[PDB]
Undergrad: 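The structure under discussion is supplied below as structure tokens; questions concerning it will follow.
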Amino acid sequence: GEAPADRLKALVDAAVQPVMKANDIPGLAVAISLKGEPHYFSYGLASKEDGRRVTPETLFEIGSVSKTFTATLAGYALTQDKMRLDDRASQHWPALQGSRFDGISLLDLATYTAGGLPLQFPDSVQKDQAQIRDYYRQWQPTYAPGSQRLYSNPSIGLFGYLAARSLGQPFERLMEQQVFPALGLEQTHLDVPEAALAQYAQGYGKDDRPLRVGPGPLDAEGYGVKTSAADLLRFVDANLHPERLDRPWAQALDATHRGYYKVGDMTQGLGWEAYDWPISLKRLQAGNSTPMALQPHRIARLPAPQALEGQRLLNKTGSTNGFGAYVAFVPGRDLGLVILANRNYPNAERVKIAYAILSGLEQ
Ligand SMILES: *[B@@]([O])(O[C][C][O])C1=[C]C(O[C])=[C][C]=[C]1
Ligand SMILES: [Cl-]
């Protein structure tokens with residue numbers, strides 16, 4: 001019958017439409033993987049000025065959702081024995097020898113517990129090898145490595161950069177030439193080709209100023225991916241079924257499904273952040289709140305790494321000045337969701353859309 005497709009469209013419309021109006025979002029793409037089949041719902045405008053509509057092939061900036069791609073490359077380096085999570089960071093970059101990175105592990109970098117590396121590189125550090133080198137050489141922890149989580153682009157960005165060094169090639173090259181092709185992603189870019197630029201949505205900020213992300217230190221590792229809802233759902237489907245990939249890449253994906261510690265309701269993996277499922281909307285919003293991004297939290301370390309599978313929701317938010325992304329999946333239900341928008345609108349609102357869709361699918 002037409003009832004299932006009508007019901008899914010009604011459910012997704014009902015979740016999305018009020019949140020778009022309420023947050024003045026110009027364009028938004030949803031992709032859902034349900035019972036092994038993809039479903040796409042596209043809303044509004046990729047560019048207000050030329051009237052280009054959002055489609056499942058429109059490219060959006062996904063911001064820190066990029067960290068899950070970075071984690072997958074590190075997973076590859078790890079499961080290929082080029083590095084280990086307990087290595088000291090300075091083992092992989094001689095410039096860091098003699099610095100405080102002699103006493104910081106790769107796991108600490110990956111999971112934001114190196115001792116207070118900040119949210120962003122300071123404005124004084126430009127996209128320049130020498131400036132980045134000098135920044136890390138001089139940095140000193142605020143508190144003991146392994147004790148407090150402070151969400152940090154320099155932290156996980158260094159993790160990704162060191163993973164690339166361990167493999168003997170630049171990060172960006174490894175992503176384009178190995179990771180994206182291994183995952184079957186042809187609409188996923190760190191540097192959008194000229195021929196694909198017509199697909200790149202405009203981002204919108206205050207007063208609807210146009211905003212596309214500019215160069216920054218370790219931008220590729222931290223926040224550099226542009227992709228379509230269709231490709232990001234393919235990445236979600238790879239996460240739901242790593243066994244469908246060639247074994248080295250299956251192992252790399254599996255490495256991102258391991259939890260190391262908890263903060264509140266959240267279990268931290270490499271890239272992915274996990275919750276028990278079901279959990280309340282308010283709790284999932286709280287785990288994705290501004291204090292979780294901006295404030296340090298003492299960790300509760302697990303006795304051994306924990307498999308992030310079964311009745312769990314794995315997620316990641318991502319933001320740039322002009323864009324707001326959210327991805328969530330439930331391994332034990334073969335369910336995945338992607339929500340990409342061209343405004344940076346509050347995380348709580350992204351989670352509201354997702355939760356309405358997931359709730360509705362449960363009924
Ligand atoms: B990232 O998007 O995380 C925020 C949403 O959870 C992020 C992006 C940065 O620059 C664009 C810097 C830090 C984190
Ligand atoms: Cl940064």
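Note that the numbering runs from 1 along the sequence shown for the chain. Values below: all heavy atoms of this structure, side chains included; hydrogens, waters and symmetry mates excluded.
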Undergrad: Could you tell me which residues satisfy side-chain contact (heavy atoms from CB on, under 4.5 Å) with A325, sequence neighbours excluded, listed by chain and number?
TA: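 Applying side-chain contact (heavy atoms from CB on, under 4.5 Å) to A325 gives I62, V65, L340.
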Undergrad: Taking atom CG of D86 as the centre, report whether more than 12 heavy atoms of other residues, nucleotides or ligands fall under 6.0 Å from it.
TA: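 Yes, because the 6.0 Å sphere around CG of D86 holds more than 12 heavy atoms from other groups.
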Undergrad: What's the spacing between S33 OG and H39 NE2 if we round to 0.5 Å?
TA: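 Here the interatomic distance stands at 7.5 Å.
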Undergrad: Could you work out, with salt bridge (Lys or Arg N to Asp or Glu O under 4.0 Å) as the rule, every residue matching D50, not counting sequence neighbours?
TA: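 Scan of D50 (salt bridge (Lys or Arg N to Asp or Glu O under 4.0 Å), adjacent residues dropped) gives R52.
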Undergrad: Same cluster for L78 and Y161 if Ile/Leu/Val/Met/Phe/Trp/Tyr side chains link at under 4.5 Å?
TA: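 Same hydrophobic cluster.
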Undergrad: Hey, is the main chain of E221 close enough, under 3.5 Å, to the side chain of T70 for a donor-acceptor pair?
TA: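 The answer is yes, because a donor-acceptor pair under 3.5 Å joins these two groups.
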Undergrad: Rounded to the nearest 0.5 Å, what's the gap from CG on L73 to CG on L174? Could you check?
TA: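 Answer for the CG-CG pair, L73 versus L174, is 5.5 Å.
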Undergrad: Is it true that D87 and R84 make a salt bridge, defined as a side-chain N closer than 4.0 Å to a carboxylate O?
TA: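 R84 and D87: not salt-bridged.
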Undergrad: Can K316 be said to sit on top of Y326's aromatic six-ring, NZ or CZ under 6.0 Å from centre and within 45° of the ring axis?
TA: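 No cation-pi geometry.
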Undergrad: Is it true that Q178 and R173 share a donor-acceptor pair across their side chains at a distance under 3.5 Å?
TA: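 The answer is no; no qualifying pair exists.
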Undergrad: Are there more than 12 heavy atoms of other residues, nucleotides or ligands under 6.0 Å from atom CD of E186?
TA: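 Not buried by this count: 12 neighbours or fewer within 6.0 Å.
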Undergrad: To the nearest 0.5 angstrom, please state how far the CG atom of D219 sits from the CZ atom of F171.
TA: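 Answer for the CG-CZ pair, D219 versus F171, is 10.0 Å.
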Undergrad: If hydrophobic clusters are built by linking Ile, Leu, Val, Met, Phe, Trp and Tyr wherever their side-chain heavy atoms come under 4.5 Å apart, do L185 and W272 end up in the same one?
TA: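 Both belong to a single hydrophobic cluster.
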Undergrad: Using side-chain heavy atoms (C-beta onward) and a distance below 4.5 Å, is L107 in contact with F159?
TA: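 Of all side-chain heavy-atom pairs linking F159 with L107, none is under 4.5 Å.
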Undergrad: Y43: which residues meet the ring pair (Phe, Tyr, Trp, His ring centres under 6.0 Å) condition with it, sequence neighbours left out?
TA: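 By the ring pair (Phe, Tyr, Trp, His ring centres under 6.0 Å) rule, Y43 matches no residue at all.
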Undergrad: Give, for atom CD of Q251 and atom OG1 of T72, the distance between the pair rounded to the nearest 0.5 Å.
TA: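 With rounding to 0.5 Å, CD (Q251) is 13.5 Å from OG1 (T72).
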Undergrad: Please answer whether the main-chain N or O of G322 pairs with a side-chain N or O of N344 as donor and acceptor at a distance below 3.5 Å.
TA: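 Such a contact is absent between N344 side chain and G322 backbone.
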Undergrad: Identify, with sequence neighbours excluded, every residue that meets salt bridge (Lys or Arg N to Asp or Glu O under 4.0 Å) alongside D128.
TA: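 Not a single residue meets the salt bridge (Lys or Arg N to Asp or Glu O under 4.0 Å) criterion with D128.
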Undergrad: Using a 6.0 Å cut-off, check whether atom CG of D246 has over 12 heavy atoms from anything other than its own residue.
TA: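 Open: at most 12 neighbouring heavy atoms sit under 6.0 Å from CG of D246.
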Undergrad: Carefully, step by step, assess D24 and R343 under the rule salt bridge (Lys or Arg N to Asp or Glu O under 4.0 Å).
TA: CA-CA 8 Å; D24 191 30; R343 189 179 300 285; 3.5 Å; yes
Undergrad: Determine, stepwise, if the pair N153 / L119 fulfils side chain to side chain contact (heavy atoms under 4.5 Å, CB included).
TA: CA-CA 6 Å; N153 201 63; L119 178 70; over 6 Å; no
Undergrad: Who pairs with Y223 by ring pair (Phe, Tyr, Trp, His ring centres under 6.0 Å), at least two apart in sequence or on another chain?
TA: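 In terms of ring pair (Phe, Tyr, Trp, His ring centres under 6.0 Å), with neighbours along the sequence ignored, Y223 is linked to no residue.
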Undergrad: Answer yes or no: is there a side-chain heavy-atom contact under 4.5 Å between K48 and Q202?
TA: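 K48 does not reach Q202 side chain to side chain.
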Undergrad: Provide the closest heavy-atom pair for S124 versus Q131 in the form atom of the first, atom of the second, distance.
TA: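 Heavy atoms of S124 and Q131 come nearest at O-OE1, 3.1 Å.
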Undergrad: Count the heavy atoms of every other residue, nucleotide or ligand shown that sit under 6.0 Å from NZ of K127, and state whether that count exceeds 12.
TA: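 Yes, enclosed.
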Undergrad: Are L45 and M20 linked, directly or through intermediate hydrophobic residues, by side-chain heavy-atom contacts shorter than 4.5 Å (ILVMFWY only)?
TA: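 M20 does not cluster with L45.
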Undergrad: Hey, would you say the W277 and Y355 ring centroids sit under 6.0 Å apart?
TA: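 Yes, the ring centres sit under 6.0 Å apart.
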Undergrad: Do the side chains of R244 and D237 get close enough for a salt bridge, i.e. N-O under 4.0 angstrom?
TA: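 Between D237 and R244 there is no salt bridge, as every charged N stays at least 4.0 Å from the carboxylate O atoms.
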Undergrad: Using side-chain heavy atoms (C-beta onward) and a distance below 4.5 Å, is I25 in contact with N342?
TA: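 Side-chain contact under 4.5 Å: yes.
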Undergrad: Just by distance, no angles: are the side chains of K67 and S64 close enough, under 3.5 Å, to form a donor-acceptor pair?
TA: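 A donor-acceptor contact under 3.5 Å links the two side chains.
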Undergrad: Do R149 and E273 meet the salt-bridge criterion of a basic N to acidic O distance under 4.0 Å?
TA: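 Yes, this pair counts.
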Undergrad: Pair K9, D6 - check salt bridge (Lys or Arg N to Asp or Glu O under 4.0 Å), show working.
TA: CA-CA 5 Å; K9 181 193 149 59; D6 286 353; over 6 Å; no
Undergrad: Tell me, do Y135 and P217 make a side-chain contact under 4.5 Å, heavy atoms counted?
TA: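 No, side chains not in contact.
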Undergrad: Is there side-chain contact between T113 and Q148, with at least one heavy-atom pair below 4.5 Å?
TA: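 No, every pair of side-chain atoms sits at 4.5 Å or beyond.
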Undergrad: Taking all non-hydrogen atoms of both residues, which atom of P141 and which atom of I104 are closest, and how far apart?
TA: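 Scanning both residues completely, I find the closest heavy atoms to be CG-CD1, 4.5 Å.
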Undergrad: Should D265 and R283 count as an ion pair when the cut-off is N to O under 4.0 Å?
TA: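 A salt bridge links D265 with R283.
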Undergrad: Parallel, tilted or perpendicular: which one describes the rings of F323 and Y200, with boundaries at 30° and 60°?
TA: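 The arrangement is tilted - the two ring planes meet at 30° to 60°.
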Undergrad: To the closest 0.5 Å, what do you measure between NZ (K226) and CD (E61)?
TA: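 Going from NZ on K226 over to CD on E61, the span is 6.0 Å.
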Undergrad: Any chance CD of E194 has more than 12 other-residue heavy atoms, nucleotides or ligands included, within less than 6.0 Å?
TA: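 Open: at most 12 neighbouring heavy atoms sit under 6.0 Å from CD of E194.
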Undergrad: Shortest non-hydrogen contact from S90 to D102?
TA: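 Residues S90 and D102, closest heavy atoms: OG-OD1, 2.6 Å.
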Undergrad: Could you check whether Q187 and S228, counting side-chain N and O atoms only, form a donor-acceptor pair closer than 3.5 Å?
TA: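 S228 vs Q187: donor-acceptor pair found between side chains.
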Undergrad: Considering residues at least two apart in sequence or located in another chain, which fulfil the ring pair (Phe, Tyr, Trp, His ring centres under 6.0 Å) criterion with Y112?
TA: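 For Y112 the ring pair (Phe, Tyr, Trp, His ring centres under 6.0 Å) partners, ignoring immediate neighbours, are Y151.
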Undergrad: Is there a side-chain contact between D108 and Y260 in this structure, where contact means two heavy atoms from C-beta onward sitting under 4.5 Å apart?
TA: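 They are not in side-chain contact.
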Undergrad: Here's one to test your reading of the geometry: is the NZ or CZ of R209 within 45 degrees of the ring axis of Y204 and under 6.0 Å from its centre?
TA: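 Cation-pi check for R209 and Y204: fails.
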Undergrad: Does any part of the side chain of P242, heavy atoms only, come nearer than 4.5 Å to the side chain of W249, both counted from C-beta?
TA: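 Result no, sub-4.5 Å side-chain heavy-atom pair not found.
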Undergrad: For residues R350 and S319, is any side-chain donor paired with an opposing acceptor at under 3.5 Å?
TA: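 Distance-only check passes for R350 and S319.
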